Amino acid sequence: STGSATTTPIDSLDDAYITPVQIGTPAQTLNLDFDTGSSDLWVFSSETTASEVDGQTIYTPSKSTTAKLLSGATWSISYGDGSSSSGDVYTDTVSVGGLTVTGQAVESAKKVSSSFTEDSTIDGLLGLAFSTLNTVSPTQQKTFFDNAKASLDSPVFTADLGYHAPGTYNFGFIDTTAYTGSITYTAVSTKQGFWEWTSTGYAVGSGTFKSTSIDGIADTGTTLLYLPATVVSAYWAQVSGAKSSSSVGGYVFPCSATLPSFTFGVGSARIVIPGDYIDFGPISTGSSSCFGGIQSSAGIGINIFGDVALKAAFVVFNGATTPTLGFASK
Ligand SMILES: NCc1ccc(C(F)(F)F)cc1
Ligand SMILES: NCc1ccc(C(F)(F)F)cc1
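Thresholds, definitions, all that
- Residues numbered from 1 in each chain as written, not as in the entry; some residues may be left out.
- Chains lettered and ligands numbered in written order.
- Heavy atoms only, no water.
- Residues with missing side-chain atoms left out of burial classes, pairs and counts.
- Near = heavy atom within 4 Å.
- Areas by Shrake-Rupley, 256 points an atom, 1.4 Å probe, with all protein chains shown as cover.
- 1 Å grid on protein atoms, 1.4 Å probe; cavity = no way out; pocket = protein on both sides within 12 Å on 5 of 7 lines; lining within 4 Å.
- Sits in = over half its atoms within 2 Å of the grid points.
- Helix = DSSP H or I, 4+ residues; strand = E, 2+ residues; numbered from the N terminus.
- Nonpolar A, V, L, I, M, F, W, Y, C, P; charged D, E, K, R; others polar.
- Domains from an automatic or database assignment.
- Points joined across faces, edges and corners; volume = space filled by probe spheres on them.
- Core = buried A, V, L, I, M, F, W, Y, C linked by side-chain atoms within 4.5 Å.
- Buried < 20%, exposed > 50% of the residue type's maximum accessible area, 1.4 Å probe, protein only.
- Contact = heavy atoms within 4.5 Å.
- UniProt positions renumbered as here; feature names shortened; annotations may be inferred.
- Pairing = 2+ DSSP bridges.

1. As for the site of ligand 2
All residues in the neighbourhood of ligand 2 are listed as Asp-33, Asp-35, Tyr-79, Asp-81, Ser-83, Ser-115, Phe-116, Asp-119, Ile-122, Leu-125 and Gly-221. A total of 320 Å² of accessible area belongs to ligand 2 in isolation, and the protein chains cover 82% of it. Its atoms largely coinciding with the cavity grid, ligand 2 occupies the largest pocket. Of all the secondary structure elements, the ones that give two or more residues to the shell around ligand 2 are strand 3 (28-35) and helix 1 (114-117). Partitioning the shell around ligand 2 into residue classes produces four nonpolar, three polar and four charged.

2. Some points on the domain arrangement of the chain
Each domain of the chain was delimited in the assignment, giving domain 1 (5-174) and domain 2 (175-330). With centres defined by C-alpha atoms, the gap from domain 1 to domain 2 works out at 25 Å. Contributing elements (two or more residues each) for the side of domain 1 that touches domain 2: strand 3, strand 9 (156-160) and strand 10 (167-171). Here the element with the most residues in the side of domain 1 that touches domain 2 is strand 9; it accounts for five residues. Class assignment for the residues of the side of domain 1 that touches domain 2 results in 18 nonpolar, six polar and five charged.

3. A look at the layout of surface pockets
Considered as a void within the structure, the largest pocket measures approximately 1200 Å³ in volume. Surrounding the largest pocket, 40 residues form its lining, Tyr-79, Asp-81, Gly-221, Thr-222 and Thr-223 being those nearest its centre. Contributions of two or more residues to the lining of the largest pocket are made by strand 3, strand 5 (68-78) and helix 1. Split by residue class, the lining of the largest pocket holds 19 nonpolar, 13 polar and eight charged. Composition of the lining of the largest pocket by domain shows at least three residues from each of domain 1 (5-174) and domain 2 (175-330).

4. Quick look at the nonpolar core
The biggest cluster of nonpolar side chains holds 71 residues, and the ones touching the most others in it are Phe-171, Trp-236, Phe-262, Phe-264, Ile-273 and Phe-327. The element that contributes the greatest number of residues to this core is helix 3 (residues 229-236), accounting for four residues. Both domain 1 (5-174) and domain 2 (175-330) contribute no fewer than three residues apiece to this core. Residue contacts for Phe-264: discarding those within four places in its chain leaves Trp-197, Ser-199, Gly-201, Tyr-202, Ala-269, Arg-270, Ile-271, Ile-273, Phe-305, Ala-309 and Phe-327. One finds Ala-16, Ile-77, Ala-109 and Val-136 within the second-largest nonpolar core, a separate group that totals 16 residues.

5. What to know about the UniProt feature "active site" in the chain
UniProt's feature table lists "active site" at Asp-35 and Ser-199, given in the numbering used throughout. Among the residues just listed, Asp-35 line the largest pocket. Structurally, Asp-35 can be placed in strand 3. Ignoring sequence-local partners within four residues, the contact set of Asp-35 consists of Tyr-79, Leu-125, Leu-126, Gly-127, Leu-128, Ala-129, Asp-219, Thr-220 and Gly-221. Structurally, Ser-199 is set in strand 12 (residues 196-204). Setting aside residues up to four positions removed in sequence, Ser-199 forms contacts with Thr-212, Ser-213, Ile-214, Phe-264, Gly-265 and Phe-305.

6. Points about the pairing of strand 17 (residues 262-266)
Of all five residues in strand 17, five are buried; the element is thus mostly enclosed. Bridge analysis of strand 12 against strand 17 gives three bridges, and the strand direction is antiparallel. Paired with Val-204 across the bridge in strand 17 is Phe-262. In terms of strand pairing, strand 17 meets strand 18 (residues 269-273) through five bridges, oriented antiparallel. Considered in strand 18, the bridge of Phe-264 is made with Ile-271. What sits between strand 17 and strand 18 in their antiparallel hairpin is a turn of two residues, with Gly-267 showing a positive phi close to 50°.

Here it is as structure tokens:
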């Protein structure tokens, strides 16, 4: 079987992408943030503290004839940005773009951090990293992808994120009309539970390509591109007036500047991020200082190929017994 769903940016800056997901019987449709950097499927629900819900669509397990409480199970997650949530666990039927899994663990939020409350357009997350990172206790639970794997025509999913436009998540098949050229595959390490891979280098604008190994994770759940300080300094040095701002928390640039492109290597192939993808607009309303889409990973401890990089490519998440990541231009 296969599944295919449209994913849509939540605002004009592509800060995140939401994809509709059917949960329960009869279906309750929630718009979830597909996150290859985490492994919990959690949702705003009728159990969430009422003061922490502000416009989100909630899952109501008591209205689903297929929902079953998972006795004694709980979950608690903290994300790298300091966001967090926690609650109890149901099992229920979950469908994505026609692809149905029965008995999927649906983690019902009882408490969420303020960053989720203030994001009225995100009803939850659907984790797509490896199941070893799932936070359900005492019995760890599998991801949607892991549960669907056996029934998929091919054990893959693909991410085709749009620049200021809708895109597609496909499960079980590779749409050969969605990319140009060939797909270049590269090795994945699962030792940390992430889709972790090694980029072969980078170039700034039309500059010389620098061959250097950059270990990082492919993370649809993170907005920006987080790279080592040396790389990021070389990028912003080519932008007149760009500087690192401690008060703002990263590199900013005069909004009137034109940004150079950024190229990263995948084996012998090259993915080019257009300069316009790196513009994240004024730091505050009316400001002539703009926030950069490439920032240092020095404070994070890991390099992150977030949406800024992934939306420049067609990305194959190959969940075969030896997993690999595939990148193609589009
Ligand atoms: N999108 C989930 C996520 C959040 C944080 C991290 C970090 F910062 F720990 F690498 C990775 C993945
Ligand atoms: N990396 C996971 C993640 C996804 C979304 C959010 C936000 F923006 F909704 F708070 C936080 C963390």
